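Peer 1: Generate a structure from the sequence data that follows.
(4 chains, ligands or ions: 4)
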Amino acid sequence: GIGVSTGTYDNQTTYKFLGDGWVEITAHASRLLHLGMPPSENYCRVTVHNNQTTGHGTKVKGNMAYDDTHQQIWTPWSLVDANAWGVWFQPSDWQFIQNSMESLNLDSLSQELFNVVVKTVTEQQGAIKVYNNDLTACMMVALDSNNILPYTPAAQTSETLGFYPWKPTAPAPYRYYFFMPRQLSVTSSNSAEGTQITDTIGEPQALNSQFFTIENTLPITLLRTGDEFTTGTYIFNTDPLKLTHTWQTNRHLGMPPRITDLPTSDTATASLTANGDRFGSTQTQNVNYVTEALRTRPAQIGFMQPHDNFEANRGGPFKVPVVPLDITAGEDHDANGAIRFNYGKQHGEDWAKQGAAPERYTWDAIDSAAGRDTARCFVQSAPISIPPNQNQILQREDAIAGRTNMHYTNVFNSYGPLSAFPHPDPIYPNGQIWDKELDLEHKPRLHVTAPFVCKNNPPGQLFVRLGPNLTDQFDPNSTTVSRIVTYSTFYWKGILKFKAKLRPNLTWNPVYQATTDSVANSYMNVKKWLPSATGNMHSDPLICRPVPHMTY
Amino acid sequence: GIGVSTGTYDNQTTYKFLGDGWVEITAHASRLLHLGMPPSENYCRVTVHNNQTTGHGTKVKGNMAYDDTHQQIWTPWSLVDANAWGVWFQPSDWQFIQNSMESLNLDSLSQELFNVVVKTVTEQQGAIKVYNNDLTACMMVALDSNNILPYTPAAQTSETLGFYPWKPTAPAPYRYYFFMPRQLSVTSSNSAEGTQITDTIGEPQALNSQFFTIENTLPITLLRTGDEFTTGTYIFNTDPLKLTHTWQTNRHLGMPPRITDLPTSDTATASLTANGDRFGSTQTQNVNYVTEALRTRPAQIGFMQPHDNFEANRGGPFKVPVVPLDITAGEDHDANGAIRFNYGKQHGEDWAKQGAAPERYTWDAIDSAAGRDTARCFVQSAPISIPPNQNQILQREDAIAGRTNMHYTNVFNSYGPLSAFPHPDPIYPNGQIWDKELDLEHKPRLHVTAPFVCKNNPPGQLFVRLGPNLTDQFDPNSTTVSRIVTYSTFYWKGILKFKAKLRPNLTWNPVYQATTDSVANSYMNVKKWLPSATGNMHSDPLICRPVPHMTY
Amino acid sequence: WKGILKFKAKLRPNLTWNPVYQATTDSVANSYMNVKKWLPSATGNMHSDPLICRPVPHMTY
Amino acid sequence: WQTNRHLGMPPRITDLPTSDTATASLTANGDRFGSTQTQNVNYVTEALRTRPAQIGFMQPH
Ligand SMILES: [Cl-]
Ligand SMILES: [Cl-]
Ligand code: NA
Ligand code: NA
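Peer 2: Numbers count the residues shown, from 1 in each chain, chains lettered A, B, ... in the order given. Ligands and ions are numbered 1, 2, ... in the order given. Sure, structure below:
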């Protein structure tokens, strides 16, 4: 099958309406991939320990947050990961879906590898390189259907496939965490100089050691140029994702109080009846009156989260994740889990930009009703008295354990049986799409890194690597390795299907839509999604869930 | 399928007579094509701005007509366009059809690509080049069936395939217009020096930006050496094209006036009855008499067109097209839309000719009854008096708005409900054959650039390009691109079918036929269509619609 | 008076790479498309200005 | 949005722009291929170039 293609390139997004507002979005994605031989032929147990006593080391006082120490199993295999919005839709698609649909769900996933080509490189004189075809050479493929091997979402480290169809990409090298004891003590710059920082890493433990190899756990297919490989279709079992945001906060839940009379002019206000004589209910029985702020609501929309909370286990210190909610007027970023990420040119960064530094963006939850304005928050002693003297009210300013900047809001946890909140927004195009659930008896109500969590087993990971291309001289009992310089290219097609539903339209007023404009320096300027004079592209994160929706 | 051909070369024109004068002309065309890799791997938004203050720039006073500024989307794809008479018939065929047929219509179109070959180039020492086969390499093909992408008739810029079967050709690179604001002010050489010329180009607009990619809109087929690709048959839906010209002008419509007596000798004239006593009708009731010139005719054959009218939109100034009619005795070229075009050696120019300059030819409408002799035209004030004093008649000489060379005929529009005219002539071999209709609610009664306009959807455009042939070292996060030097060759066969009808023959006198002769320096000298001592060819535009036909 | 007017309409295709121009509303004071124009006043005064249409561009040839 | 100036095959640029701020140039008017309806001048230009039809038109006002 040498001179015949084994597949079809297709990167078009097709919409099929079944009627009644239901839509079958079928996203085809194809890319040309490049795979080079592994630097090492075997599996390595690598360790990373940044315990320098200067700069961003862990030995310098107060540098816990900079910790990067861990151990990993480095494998000669590579992973083909397309789990990221940017791989399947072009900007316009995302816009169209966000502006017209109100619901979206995963349906099925399929992939195939085809048109494999393997080449060898040899030298010449002047020295120039020459490229030849190794027709008989092959490429190894493996598919972990049952997810035996460690799950490693490439989207988390901007290592998925490129978001540009006409540009080539490459698979990310496979590696996974290995257990290793890790202890690091807490210190501050103010902390005494004589104080010694404990920075330790231990030996591999029997109770937690897990070394897996692709060779020993999965069946492997060999692909020569005339071969091709298919995964067959996988069926998703996940919950629908709302494509709208909520705005009603506790202050907007239920029957608004009855105004006494209609405003007298277009600029006037209206007044309610006296607090003392108004009907209603409160949960503070020390005061005989009702007020929008004291009034009993059905439940609590949103909640206070501990920030910037760091916890520690055998592995080391780590920042506890927080539910991405609205950052409010006050713009309390860390308190409401805003997410900031850095990515490469393959995933959005302007191709024109130069320097090692990646592009960075901070994602602020679309929803406006579940965030928390730490500044304006406060707790009043009871029996409650209004107004309260400084000794019967704890607020932002007040300091905990005599620390100027540590306020109660930093360690306050408001989560409770009455807490209700929306689901994290999907992030085009850098966002991860689906995720494997944690194998623990008691699971989390959601994940921060992805909108769709597989209730059952998630689609299996696709692994590839070049077959060792040996030379004429080879000795097994020698650690020395000689291999012919080889590399390969091949195409990848994937088919992701969604089930989506068109939105209803009942408000009298026009609704907020995701648009583009011509105003210079505007975030939504058309010029950002067009090519430059030399073809440089730029794909910034797009808004989503533009349309508002009743919460109650 | 390495060592086996995947198609057949065929460039013969076959005539099948079904009887009753109906003919099925099946034109087979085949060419060997050459495709090199694109200079750039991606899509570019290129701009052209000739705003120099010297020479043919737009900044120099009175140089509007020289404007070339515009913006375009440059793509790494190439287009295979065979939409031009020269691709399907050899001179003799065209002659035979023009001399014997009276009607011609498009029936069906089919095409295929086959016998693909891809080669790589490497260096050597002395340095010489070496060519090798990349058996596993492939070529990309895409067919836009629904005409989603911008229609770009290659015939308009002499970029279709070559008109010589035994000579190789290459596809034209694909590119399309992109919206960009453009303003240019009007000035004349006489115009004051201090006067400043406004020459502006704006930023991409949100309301009119359309960036398409082949990858995202069409399914793409990969062709390795042993593969081949077919379009299947497309059926045309167009109106028939008359292969005759008309000669009757308003002066020859209807009952000629009755002569009083037959001429007395072979050199004598005959006379009609006195104007004052002749029967008939006119539309000028100030004079009591009829005359061939005043006499009422059924309708108006031909009409006055504004020339050389330039109009302006956001895009810029442009020459308004005009219906190609007869240029009359007076030879008023621009007033009757004569078409002049410049073409290369691949499309007619004498191969022997040397210099960058292309060959140029001016096409004068075959029809002799719808043109306008601006010089002899005139308007008479009414009530009409004959003869008219200089103040009651506007003629050529008179100047508009005190401008010596601007005469009324320059801005006069005679088009009206009574206007009737023939269809533009087909032009062998440089002429375009069919054309896509404009997607506007109210369409034009015809196109100037083509005789056949598709009532429905036109045949889709055929796109090709080489697959990026990567090297051993590749980095995605780098803007740097390294590719192996590659190029390819492949054959293209096309089958175009026409339905034509043999002409009737009723005149007593022999009729005008398209012939060839031996008279030196004659436009129709046989020597022009023969090869030179070293094989240099020359294919000049051939006459068409030689036979005259009754108009009424 | 009750009236019933029926239309037959077709959903649009989406093929451009770049996001397309949409008719939107905003919060910028004194903007022609400010939300406040389509809401009632404190005493119920309404205001309905002409809305844009045919926002999406389309190939002509 | 396409006006007479944006109808058909754009002229072929000689080379791709050298930088993100540069322009590209076409081949000399005198040597460029194409067609016009003004046969007094031996050259083609976006403004003189023959288009299929006339989009829009002048109205008496
Ligand atoms: Cl799968
Ligand atoms: Cl076709
Ligand atoms: Na913050
Ligand atoms: Na003329």
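
Peer 1: What is the neighbour count of the closest residue to residue A:435 other than its chain neighbours?
Peer 2: Leaving aside its sequence neighbours, residue A:435 sits nearest to residue A:450 (Cβ to Cβ, 6 or more residues apart in numbering or on different chains; 3.8 Å). All C-beta spots, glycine's among them, are computed from the backbone N, C-alpha and C. Here the number of neighbours of residue A:450 (other Cβ atoms under 10 Å in any protein chain shown) works out to 22.

Peer 1: Residue A:175 too?
Peer 2: By other Cβ under 10 Å, 17 other residues sit near residue A:175.

Peer 1: For beta bridges, what are the partners of it?
Peer 2: residue A:74 (DSSP bridges).

Peer 1: Contacts only, for it.
Peer 2: Counting by Cβ atoms under 8 Å, 6 or more residues apart in numbering or on different chains, residue A:175 touches A:72, A:73, A:74, A:75, A:152.

Peer 1: Quick one: list the elements packing against the helix or strand where residue A:142 lies.
Peer 2: In the assignment (DSSP states H and E), residue A:142 maps to strand A:139-144. Judged by 3 or more Cβ pairs under 8 Å, 6 or more residues apart in numbering or on different chains; DSSP states H and E, the packing partners of strand A:139-144 are strand A:101-123, strand A:220-223, strand A:461-466.

Peer 1: who wins for proximity to ligand 3 among those?
Peer 2: strand A:101-123 (30.1 Å; Cβ to the ion).

Peer 1: List the neighbouring strands of the following helix or strand past the closest one plus their orientation.
Peer 2: The helix or strand immediately downstream of strand A:101-123 is strand A:129-133, counting by DSSP H and E. In the sheet, strand A:129-133 lines up against strand A:101-123 (antiparallel) (DSSP bridges).

Peer 1: Enumerate the positions of the strand it pairs with that are buried.
Peer 2: The neighbour-count check on strand A:101-123 (16 or more other Cβ atoms under 10 Å in any protein chain shown) flags A:101-107, A:109-120 as buried.

Peer 1: quick revisit: which residues does the strand holding residue A:142 contact?
Peer 2: Contacts of strand A:139-144 (Cβ under 8 Å, 6+ apart): A:35, A:77, A:113, A:116, A:118, A:214, A:217-223, A:229, A:231, A:460-467, A:488, A:490.

Peer 1: can you count the residues close to whatever residue of chain A ends up closest to ligand 4?
Peer 2: Closest residue of chain A to ligand 4, Cβ to the ion: residue A:533 (39.4 Å). Residues lying near residue A:533 (other Cβ under 10 Å) number 20.

Peer 1: got the contact list for it?
Peer 2: By Cβ under 8 Å, 6+ apart, the residues touching residue A:533 are B:44, B:45, B:46, B:47, D:17, D:19, D:20, D:21, D:22, D:23, D:24.

Peer 1: shouldn't the residue nearest to residue A:435 be in contact with residue A:436?
Peer 2: No: counting by Cβ atoms under 8 Å, residue A:450 sits too far from residue A:436 to count as a contact (9.4 Å).

Peer 1: Who are the contact partners of the residue of the stretch 251-400 of chain A at minimum distance from ligand 3?
Peer 2: Residue nearest to ligand 3 within the stretch 251-400 of chain A (Cβ to the ion): residue A:333, separated by 3.0 Å. For residue A:333, the contact set (Cβ under 8 Å, 6+ apart) comprises A:327, A:362, A:364.

Peer 1: Please look at the second one and residue A:342 and confirm they touch.
Peer 2: No: with contact defined as Cβ under 8 Å, residue A:362 does not count as touching residue A:342 (10.6 Å).

Peer 1: Between the two, which has more neighbouring residues?
Peer 2: residue A:342 (14 against 11).

Peer 1: how about the more buried one, secondary structure?
Peer 2: Three-state call for residue A:342 (DSSP: H, G, I helix; E, B strand; the rest coil): strand.

Peer 1: Now it: closest residue in space, sequence neighbours ignored.
Peer 2: residue A:358 is the one closest to residue A:342 (Cβ to Cβ, 6+ apart), at 4.0 Å.

Peer 1: just checking, the one you found touches residue A:344?
Peer 2: Yes: using Cβ under 8 Å, residue A:358 makes contact with residue A:344 at a distance of 5.9 Å.

Peer 1: shared neighbours of the two, anything?
Peer 2: Joint contacts of residue A:358 and residue A:344 (Cβ under 8 Å, 6+ apart) are residue A:158.

Peer 1: who touches the residue of the stretch 451-552 of chain A found nearest ligand 1 in this structure?
Peer 2: Here the residue of the stretch 451-552 of chain A nearest ligand 1 is residue A:459; by Cβ to the ion that distance is 4.2 Å. By Cβ under 8 Å, 6+ apart, the contact list for residue A:459 reads A:109, A:231, A:234, A:236, A:434.

Peer 1: Output the set of residues of chain A in proximity to ligand 3.
Peer 2: Residues of chain A that fall close to ligand 3, judged by Cβ under 5 Å from the ion: A:333, A:334.

Peer 1: What ranges does chain A have for its helices?
Peer 2: With helices called from DSSP state H, chain A shows them at A:85-88, A:91-100, A:214-217.

Peer 1: Can you say which of those helices is packed in most?
Peer 2: helix A:85-88 (a mean of 25; mean count of other Cβ atoms under 10 Å in any protein chain shown).

Peer 1: Off-centre distance for it?
Peer 2: 13 Å (Cα atoms, centre = their mean, to the nearest Å).

Peer 1: got the contact list for it?
Peer 2: In contact with helix A:85-88 (Cβ under 8 Å, 6+ apart) are residues A:13, A:27, A:29, A:82, A:94, A:160-161, A:163, A:347-348, A:426-431, A:433, A:494, A:496, A:539.

Peer 1: ok, 6 Å please
Peer 2: The contact list for helix A:85-88, computed with Cβ atoms under 6 Å, 6 or more residues apart in numbering or on different chains, reads A:27, A:29, A:161, A:163, A:428, A:429, A:431, A:496.

Peer 1: do stretch A:195-207 as well
Peer 2: Stretch A:195-207 is contacted by residues A:49, A:51, A:58, A:59, A:181, A:182, A:183, A:184, A:185, A:187 when judged by Cβ under 6 Å, 6+ apart.

Peer 1: I'd like to know which of those are part of strands.
Peer 2: A:182, A:183, A:184 (DSSP state E).

Peer 1: a markdown table for the residues you listed, including neighbour count?
Peer 2: As requested, the ones in strands among the contacts of stretch A:195-207 are exported to a markdown table (neighbours: other Cβ atoms under 10 Å in any protein chain shown):
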| residue | neighbour count |
| --- | --- |
| A:182 | 20 |
| A:183 | 14 |
| A:184 | 20 |
